[PDB]
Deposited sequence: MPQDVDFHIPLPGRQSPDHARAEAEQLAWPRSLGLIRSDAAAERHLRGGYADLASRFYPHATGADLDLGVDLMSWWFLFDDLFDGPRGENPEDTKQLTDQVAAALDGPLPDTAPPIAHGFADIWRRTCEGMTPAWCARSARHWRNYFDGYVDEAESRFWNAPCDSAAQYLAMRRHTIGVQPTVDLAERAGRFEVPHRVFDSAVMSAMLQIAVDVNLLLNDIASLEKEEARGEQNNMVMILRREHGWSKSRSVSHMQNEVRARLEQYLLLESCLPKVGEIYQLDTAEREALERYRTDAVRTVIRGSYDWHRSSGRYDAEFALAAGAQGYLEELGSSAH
């Protein structure tokens, strides 16, 4: 992975204060759960996904990582092999995308609603709708993966790896938006799928002590070499979509602070 390792200069404060939010929303209710959370290194991970963020913007990134691993842990028991119970909980979470939640919603849903509320404030409505669809794609794929209990395994895990909502938050944490017509471009779509696949392959390698392996390094290498080719096309892609000066700068920030960070950030976090 020929991408520079980066970490937010405010990582120390964000890691020290990471527990206040999930405790405030009832996601962490015991000192043992707090210590188990601290052992995950989730603020550290967020500080590498979002090195361009500090302060409240970085805190939103930490909270997303915090929420996501707290969320995923709720499905590692009997409710994981139960597709109806999986969809039952994810529907209550994803309902936050459509409007206010009822007070009876479980804490994990109120946690997501607080993240989604913060994620959208200040962004264009079209960015919000597109980011909302990315969340629905994840939750739908999360249910589909529960219903299932190389080519077929990849098509399923590309939704549940959760790269796209992670990349989306880098835009919000950076207070920029890649031009929407470039996001939909075949070149950017190919760059994003590489980011999805590399995170997927690197995850199953690190999660082997417990799957794709059941050649992977060559696939990560070939995809990263193609990622650089696709990056070199971006100047011409910017011309094809007639980007002005600010749009070219937002596209550059997306390339360096959102796409590259989600590729390199997970690699450095695992190590």
Query raised in the report: Deposited sequence versus model: which ranges have no CA atoms?
Result: 1-8, 158-165, 227-234, 239-253, 311-337
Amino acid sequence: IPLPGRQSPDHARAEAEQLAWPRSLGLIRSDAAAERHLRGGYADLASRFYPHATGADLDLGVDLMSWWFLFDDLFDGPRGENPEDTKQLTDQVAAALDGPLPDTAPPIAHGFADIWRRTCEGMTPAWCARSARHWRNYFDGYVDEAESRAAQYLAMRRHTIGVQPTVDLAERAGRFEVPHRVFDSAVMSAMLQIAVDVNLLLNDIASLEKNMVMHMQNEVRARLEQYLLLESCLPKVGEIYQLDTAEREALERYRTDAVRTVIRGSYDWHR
From here on, numbers count along this sequence of modelled residues.
Query raised in the report: Of the two stretches 41-49 and 217-225, which shows the higher Cα B-factor on average in the entry?
Result: 217-225
Requested in this report: Would you determine, from the values in the PDB entry, which of 122-130 and 82-90 has the greater average C-alpha temperature factor?
Outcome: 82-90
Query raised in the report: Among 109, 143, 178, 170, which carries the highest Cα B-factor?
Result: 143
**Report entry** Selection from 137, 189, 164, 152 [criterion: highest C-alpha temperature factor in the record]
**Finding:** 152
**Report entry** Chain-wide C-alpha B factor ranking for residue 207, given as lowest, middle or highest third
**Finding:** highest
Query raised in the report: What third of the chain, by the recorded C-alpha B-factor, contains residue 185?
Result: lowest
Query raised in the report: Which third of the chain does residue 105 land in by C-alpha B-factor: lowest, middle or highest?
Result: highest
Query - Among modelled residues of the same chain, the CA temperature factor third for residue 77 - result: highest
Requested in this report: Determine, from the deposited record, the chain-internal third of the Cα B-factor for residue 27: lowest, middle or highest.
Outcome: lowest
